[PDB]
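Visitor: Handing you this structure, nothing more for now.
Each reported figure results from applying straightforward, stated rules to the coordinates on display, with no laboratory input. Positions of Cβ are generated from backbone atoms using ideal geometry, with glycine treated the same way; all protein chains shown enter the neighbour counts.
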Amino acid sequence: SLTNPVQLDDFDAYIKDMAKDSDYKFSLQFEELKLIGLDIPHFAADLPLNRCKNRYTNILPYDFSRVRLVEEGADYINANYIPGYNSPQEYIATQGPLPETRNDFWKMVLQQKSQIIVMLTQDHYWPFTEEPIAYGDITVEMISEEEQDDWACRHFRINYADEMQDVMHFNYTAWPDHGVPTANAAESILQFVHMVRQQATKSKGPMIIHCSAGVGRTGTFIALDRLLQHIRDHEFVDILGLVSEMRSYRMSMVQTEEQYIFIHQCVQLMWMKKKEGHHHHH
Amino acid sequence: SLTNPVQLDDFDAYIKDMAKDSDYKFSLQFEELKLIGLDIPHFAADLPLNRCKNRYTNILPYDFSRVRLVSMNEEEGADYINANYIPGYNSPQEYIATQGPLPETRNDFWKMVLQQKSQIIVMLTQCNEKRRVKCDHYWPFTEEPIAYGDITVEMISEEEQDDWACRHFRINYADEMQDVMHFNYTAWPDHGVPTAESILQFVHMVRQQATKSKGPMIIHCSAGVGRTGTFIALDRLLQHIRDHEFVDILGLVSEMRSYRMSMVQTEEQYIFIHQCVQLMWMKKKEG
């Protein structure tokens, strides 16, 4: 429905055209993306008892792709499985946990067997000290912590009954809140993405990604992660088709035209890196 | 991973290159496609108690995309049926690909039809082919309402033609009633090809009805992967060619295989899909 594959050889001319007439086509395409999933049911998220489990009143997970926890509304959590470059349920896009949902969040991590969590914002649902904390029936203890300039990695040990699970936690902290992303901002985020991807290819369940609403930065991170891998193996990119797809699994993925344009900004840099690399295929 | 969009303007040149050296490139692509989905679990389909619900021991539904039957405190495994949600041109769960119902699962099938609220069923096989069993005649023989478990089905009409039959069913569970159109294509031999004009009109026919219907479109043949996979590809492609200037059959077939194994069973059916697009392209050029 919404898809526009562009040969990498034509991306430069493509983005320039997208930008003409005051970003007319960027805006038009974004206006079209806003129509995706309008008719997909999201009744569970609107049930009386689950309303308090949503950070934002109008950002609700579709019923078909929602992650279900295993009482009235006890299976609910604002999160959706999202397709990736490698599997149909490679990711779980979710909102930043609320104090009232942090126990449900850890239950999701355990049940879904997620060994990688990506936080795109700076709510502190994890332990502050080395002391193991019990979030409901699940005990979580931070094993180690590494801190870089733009991100931090934490290793968590989660247990329940006889079950034990190791979970890596990547928190990007240099995400720009205001102004247009500088060439450095783009570079940093692309490095972070690449970094998480190296760990991904070595993990169990779906990769959990979140930002306050779980759609903007989250959908942007997912798009970039999938794009880097795609651009490495292919000679074309279909950004429109990609964001449209995410919109069909979780509403508002890539929340703003700003983020939509930014994604194109990053792909141009990816294309520049691919060309300058001249790497043969493995 | 597996994807290769081709502008329609050079699809002819593409097809001819793929057909070169006795379909060398076509086979190359099909072998790659046979690897898709091998790592996706299908634990529920493996349960001993569900073995009698699988027509074939090797055609099994993935856990993540399988269709779940709903019931109140019912027996273990009661939620199981050999079927999977498949993305379509319009929505994430537009189709439900399933095997041809067995005598032991005909009630489960109708339960799925009612619960999923499907108003269209596409059957691409005959119940029997070459004296070999392919699918149970799970629907009524006459106009007399038949009870399948707690669901009653009434065949309001039955219009047959050379290559297909259209049957209007009215089904109900107490006061929950539903109209279901059943399109049975009878000229598609299992593991083979219609042997394009005929099947394309069929697809167009089902498409017309679809625009008037709501709910998932149930698609099945015998195993629920070969002809079913080819039909879905065709249905989706017809709509895609109408709106765009390119096609990615490789990515399309790869995607289906990530939702249900073996979609589009043979290289021949895979090549048939390309041939059909070529025909679809020319029809579009007549405007």
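Results for (1) hydrophobic (A, V, I, L, M, F, W, C); (2) within 14 Å of another protein chain (Cβ to nearest Cβ), shown as yes or no for each residue.
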site: B:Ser27; (1), (2): no, no
site: B:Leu33; (1), (2): yes, no
site: B:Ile36; (1), (2): yes, yes
site: B:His42; (1), (2): no, yes
site: B:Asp46; (1), (2): no, no
site: B:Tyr56; (1), (2): no, no
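Visitor: Out of everything in the range A:125-163 that is out of contact with any helix residue (DSSP H, G or I) (no Cβ under 7 Å at 6 or more places or on another chain), of a type in the set (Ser, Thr, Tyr) and assigned to a strand (DSSP E or B), what residue ends up being farthest from A:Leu98 (Cα to Cα)?
Guide: Within the range A:125-163, the match that is farthest from A:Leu98 (Cα to Cα) is A:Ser144.
Visitor: What residue, of A:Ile40, A:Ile77, A:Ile59, is in a loop (DSSP other than H, G, I, E, B), more than 30 Å from A:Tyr160 (Cβ to Cβ) and among the aliphatic types (A, V, I, L, M)? Give the derivation first.
Guide: Numbers: A:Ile77 fails: more than 30 Å from A:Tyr160 (Cβ to Cβ); A:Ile59 fails: more than 30 Å from A:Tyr160 (Cβ to Cβ).
Exactly one residue qualifies, and that residue is A:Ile40.
Visitor: Select from the range B:99-124 the residues that are over 15 Å from the mean Cα position of the chain (by Cα) and in a loop (DSSP other than H, G, I, E, B) and write down the one among them that is surrounded by the most Cβ atoms within 10 Å (Cβ to Cβ).
Guide: By that ranking, first place goes to B:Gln116.
Visitor: Does the range B:112-143 hold any residues that are under 17 Å from B:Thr228 (Cα atoms) and aromatic (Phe, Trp, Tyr), and which are they?
Guide: Scanning the range B:112-143 gives no hits.
Visitor: Can you tell me which residue in the range A:80-98 is nearest to B:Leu2 (Cα to Cα), limited to those that are surrounded by fewer than 23 Cβ atoms within 10 Å (Cβ to Cβ) and away from chain B (no Cβ under 11 Å)?
Guide: The extreme case among them is A:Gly96.
Visitor: Continuing with the same structure: Give me the residue from the range B:238-262 that is within 13 Å of another protein chain (Cβ to nearest Cβ) and of a type in the set (A, V, I, L, M) and, out of that set, surrounded by the most Cβ atoms within 10 Å (Cβ to Cβ). Reasoning before the result, please.
Guide: Initial filter on the range B:238-262 (within 13 Å of another protein chain (Cβ to nearest Cβ)): B:239-248, B:250-252, B:254-261.
When the remaining residues are screened for being of a type in the set (A, V, I, L, M), the result is B:241, B:247, B:250, B:252, B:256, B:261.
Numbers: B:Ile241: 19, B:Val247: 25, B:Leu250: 20, B:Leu252: 23, B:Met256: 28, B:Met261: 24.
If we take residues in the range B:238-262 being within 13 Å of another protein chain (Cβ to nearest Cβ) and of a type in the set (A, V, I, L, M), then B:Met256 is surrounded by the most Cβ atoms within 10 Å (Cβ to Cβ).
Visitor: Only one residue in A:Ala213, A:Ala183 is over 14 Å from A:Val118 (Cα atoms) and among the hydrophobic types (A, V, I, L, M, F, W, C). Which one? Quick ask: steps written out before the conclusion?
Guide: Numbers: A:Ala213 fails: over 14 Å from A:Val118 (Cα atoms).
Only one candidate qualifies: A:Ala183.
Visitor: Just to be sure I understand, how many residues within the range B:5-35 are surrounded by fewer than 16 Cβ atoms within 10 Å (Cβ to Cβ) and outside any helix (DSSP H, G or I)? Before you say what the answer is, go through the steps one by one.
Guide: So the first thing to find is which residues in the range B:5-35 are surrounded by fewer than 16 Cβ atoms within 10 Å (Cβ to Cβ), and the list is B:7, B:9-10, B:12-13, B:16-17, B:19-22, B:24-25, B:27-28, B:31-32, B:34-35.
Keeping just the survivors that are outside any helix (DSSP H, G or I) gives B:7, B:34-35.
The number of residues fulfilling the criteria is 3.
Visitor: Is it the case that B:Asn184 is polar (S, T, N, Q), over 30 Å from A:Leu2 (Cβ atoms) and either buried (at least 19 other Cβ atoms within 10 Å of the Cβ) or within 19 Å of the chain's Cα centre (by Cα) (or both)? Spell out the reasoning first.
Guide: Numbers: polar (S, T, N, Q): yes; over 30 Å from A:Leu2 (Cβ atoms): yes; either buried (at least 19 other Cβ atoms within 10 Å of the Cβ) or within 19 Å of the chain's Cα centre (by Cα) (or both): yes.
Criteria met by B:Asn184.
Visitor: Against the conditions (1) more than 23 Å from A:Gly214 (Cβ to Cβ); (2) crowded, with 19+ Cβ neighbours inside 10 Å; (3) among the hydrophobic types (A, V, I, L, M, F, W, C), where does A:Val167 fall short? Just the number, please.
Guide: Condition (1) is where A:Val167 drops out.
Visitor: When the range A:189-215 is examined, which residues are found to be of a type outside the set (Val, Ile, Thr) and farther than 22 Å from A:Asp123 by Cβ?
Guide: The initial filter retains those residues of the range A:189-215 that are of a type outside the set (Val, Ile, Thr), namely A:190-192, A:194-195, A:197-200, A:202-207, A:210-214.
Within the range A:189-215, A:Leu190, A:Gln191, A:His194, A:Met195, A:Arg197, A:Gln198, A:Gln199, A:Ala200, A:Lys202, A:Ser203, A:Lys204, A:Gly205 qualify.
Visitor: What are the residues in the range A:196-237 that are among the hydrophobic types (A, V, I, L, M, F, W, C), out of contact with any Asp or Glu (no Cβ under 9 Å at 6 or more places or on another chain), more than 14 Å from chain B (Cβ to nearest Cβ) and part of a helix (DSSP H, G or I), if any?
Guide: Matches in the range A:196-237: A:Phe221, A:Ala223, A:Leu224.
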